[PDB]
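Presented below, as structure tokens, is a lone chain in the form deposited in one PDB entry.
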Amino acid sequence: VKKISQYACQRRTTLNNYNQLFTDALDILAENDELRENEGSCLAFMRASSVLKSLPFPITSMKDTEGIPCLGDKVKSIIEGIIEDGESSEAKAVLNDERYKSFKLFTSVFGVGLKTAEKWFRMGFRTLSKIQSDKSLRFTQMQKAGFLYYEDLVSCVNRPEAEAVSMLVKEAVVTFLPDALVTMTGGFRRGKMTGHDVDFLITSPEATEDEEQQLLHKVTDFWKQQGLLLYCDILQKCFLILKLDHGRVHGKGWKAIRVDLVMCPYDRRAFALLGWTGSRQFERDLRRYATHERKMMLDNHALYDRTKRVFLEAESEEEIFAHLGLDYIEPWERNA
């Protein structure tokens, strides 16, 4: 009776994936298209994977794909092949491809993205040992930290670790802004058991423009004094690596944790929370829906109505969804 929407923001996606055989293969094909600079094909496989993640049952025949959007002929051929023998020949070929294997291995280092991974591959590098020991290569400060804390950063962050980090963030923040509201965002807010990092949104109802600007500098200087700041890059947001002492979590005695902090003006806290909760696919479809379906412009700071020529205010995520004409999707339902 009700048709599944092509937009992740109009679907409820919980962590209960009944189609991991299909979505793990589609995620690999998407990743390969990203690497081959085929943005369009990458996005089409990411949307197909996203829609299957929303299904309340596993696909067991081609009839089960009827009425599902984002599944064109190429995607249906991949699903048909997996139904046939439990494997994707297309995803198998990508997993065995030398360029794909090198890109996965190289980008697993913090500070190494698509361009540096492509550069190293075209130079003839295939292993991290050969890259690290090379006498000609020059590494960014980010990459140096990425190699130094590699084992800790490649292991993912669990909930006891995320909670321990939350305590450290809150303790540091209230020291400089006692009325500040600190919220854990990202995957952990969506109910995830693990993550590659821990993200936080910080806002204060009484802080000045200058106080708001200085908070991230004060909090990171405090941690630098404590010898807990392993890496720091302040852009308002900051990308950090913190030293998490084992005793704080309920070998070396500590673990390197990737932490991101975002500071926003109090009146924009709902837009920032919505943008930083994710998932990435849910955020893209929210913005795409706003543009193509409502003629609205949405970002982490505001919502603008082009037709009415007015900014739309929101004190909560629920008010953003209502402005967009969308049913409210809970954070644990945004795992698109």
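Throughout, rigid core stands for the largest set of C-alpha atoms superposing within 1.5 Å between the two forms. The numbering used is simple: start at 1 and walk along the sequence shown.
There is another form of the same protein, the form deposited in another entry; it is not shown, and what comes next is about it.
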ask   = Core fitted between this form and the one not shown: which of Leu35, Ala270, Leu29, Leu55 shows a C-alpha shift of 2 angstroms or more?
value = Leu35
query = Closer or farther: how do the Cα atoms of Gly275 and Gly40 compare in the other entry relative to this form, given a change of at least 3 Å?
reply = farther
request  = Classify the change in Cα distance between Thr277 and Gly40 in the other entry as closer or farther, relative to the shown form (magnitude of 3 Å or more).
outcome  = farther
